[PDB]
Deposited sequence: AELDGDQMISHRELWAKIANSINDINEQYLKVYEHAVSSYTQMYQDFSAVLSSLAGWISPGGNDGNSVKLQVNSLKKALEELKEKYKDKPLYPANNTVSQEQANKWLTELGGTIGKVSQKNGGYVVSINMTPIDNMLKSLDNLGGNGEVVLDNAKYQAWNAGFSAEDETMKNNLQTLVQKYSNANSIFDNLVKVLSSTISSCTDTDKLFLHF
C-alpha cells in the first residue's frame, strides 16, 4: 500500500512545480512583451503629432526591453532549455541568445530592427510596411495571451480534478 498522505503531498508538490516552471513562466513572457508593446504603443501615439525623433525613440525602446527577457527574469538558464520554450512561446515571439555564458530567451526584435532599417509611393509604402510590422506585435501579444489564459484554465481544472480525486 501507499499512504494516503504522501499522496496529498504528492499533488501539492506538482501544483507548486507546474506553477513555477509553467504558469509563472508564461506570465513573465506576457508581462514583458505586453510591457514592450505598451511602450511602443507610445511611439505610435507620439509619431501621430509628428524620421529622427521617431527613429530615436525606436532605438531607445529597442534598448530598454533589449535586456528584458521573457525567460528568465532574475535568474539565468540552459541552451536546450531556451529552445523548448522558444518553440512553446511560438518561435516568432522570442529569439534565444547567449548571456554572460548562459542562455536565455530574448524577445524577438525582428519588427523594430526592420522598421529602423527603413528609417506617396514612398510613404503609402512605408506606412504599409511599418504598420504591417505593428500588427505582427499586436498579434504575437494576443496569441501569447490566449495561450497563457489556456494554461491557467487547464491548470485550474486539473488541480480540481486532482484534489477531487480524493475523497
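**Request:** Map the modelled residues onto the deposited sequence and report the uncovered stretches in sequence order.
**Result:** Several regions go unmodelled: 1 to 7, 58 to 71, 141 to 152, 201 to 212.
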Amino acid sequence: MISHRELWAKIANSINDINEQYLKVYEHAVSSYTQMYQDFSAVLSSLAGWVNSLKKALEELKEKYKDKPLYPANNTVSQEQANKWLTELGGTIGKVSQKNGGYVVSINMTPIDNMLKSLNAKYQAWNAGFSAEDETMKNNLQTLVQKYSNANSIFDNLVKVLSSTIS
From here on, numbers count along this sequence of modelled residues.
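Here, rigid core means the biggest group of C-alpha atoms that superpose within 1.5 Å across both forms.
**Message:** After superposing on the rigid core, which of 120 to 128 and 53 to 61 has its C-alpha atoms sitting farther from this form in 5 other deposited structures of this protein?
**Reply:** Output: 120 to 128, the stretch lying farther off on average in 5 other deposited structures of this protein.
**Prompt:** Core-superposed in 5 other deposited structures of this protein, which stretch deviates more in Cα positions, 40 to 48 or 138 to 146?
**Reply:** Between 40 to 48 and 138 to 146, greater C-alpha deviation in 5 other deposited structures of this protein belongs to 40 to 48.
**Between 19 to 27 and 142 to 150 (mean CA B-factor, as deposited), the higher** = Per the deposited B-factors, the answer is 19 to 27.
**Asked** Where do the C-alpha atoms have the higher mean temperature factor in this entry, in 108 to 116 or in 64 to 72?
**Response** Comparing 108 to 116 with 64 to 72, the higher mean C-alpha B-factor belongs to 108 to 116.
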